[PDB]
Amino acid sequence: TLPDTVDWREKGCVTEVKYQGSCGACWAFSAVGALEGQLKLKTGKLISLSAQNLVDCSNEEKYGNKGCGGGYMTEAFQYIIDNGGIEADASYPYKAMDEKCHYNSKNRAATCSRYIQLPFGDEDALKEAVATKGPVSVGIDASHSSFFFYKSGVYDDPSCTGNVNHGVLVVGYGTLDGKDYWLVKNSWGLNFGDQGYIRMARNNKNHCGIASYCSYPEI
Ligand SMILES: *C(=N)CNC(=O)[C@@H]1C[C@@H](S(=O)(=O)c2ccccc2)C[C@H]1C(=O)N1CCOCC1
């Protein structure tokens, strides 16, 4: 049986909530968050990895990422594979701007060997990954004003669609007052949601397309 409740924060696998600013780098934060979880599970050490490294160095047609113009978590993972590593946020800090790539292999802090995508729209498969693998990068439809009015409980706006536009991190799941949810880490600072987190409806027919583009890296 899978556990009825999972929270990777309680296992020390989730870093502090970040603030992406005006730069559309949610995809890079999602990607590093997933890798951070893996790095902790492999090494026992929890370290913020460099979203800026992704923004600066994967901004090319090769990857189809566009720095602050947006990108894809799986292509971030591919960049890390191709590049042989990624720096920590400490040596490559977040500027919220597209800049020249200055990755340096001597500050490598994590690697990626491969990544895994889950089947489109499969909430059961996302539950399994989250319970057995770690935090999972997902795309959601976060285009509705209600997403940002949310403060507590479980977000289940009927205006939500399956057309995803933002990368976030699922760090757990459970059931709150009878409503199944996904525990989502965003990258809009602590004043977003509930200290940077939002519970989104789970098992409601792929609500906000949360199960539509799920991935996680393997160290
Ligand atoms: C975040 N702050 C800005 N949004 C993005 O970067 C999104 C995230 C991904 S997705 O997860 O929404 C997605 C969409 C479609 C198929 C698979 C995943 C897409 C990305 C985005 O807006 N773009 C559009 C411009 O080109 C780069 C990707």
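Start at 1 and count along the chain as shown; that gives each residue its number.
For all residues, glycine too, the Cβ spot is worked out from N, Cα and C.
Between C57 and the candidates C23, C26, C68, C101, Swiss-Prot records the disulphide pairing with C101.
The recorded disulfide partner of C23, taken from Swiss-Prot and restricted to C13, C68, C112, is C68. Of the listed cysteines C208, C214, Swiss-Prot assigns the disulfide bond with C160 to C208. Note: the CA-CA distance between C208 (disulfide bond) and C23 (disulfide bond) rounds to 22 Å. Of all the recorded positions listed here (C13, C160, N186), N186 has the Cα closest to the Cα of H166 (active site).
Here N186 (active site) comes close to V17, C26, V168, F192, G193, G196, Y197, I198: these same-chain residues lie at least six apart in sequence, with C-beta atoms under 8 angstroms from its C-beta.
The two recorded residues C101 (disulfide bond) and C68 (disulfide bond) have their Cα atoms spaced 14 Å from each other.
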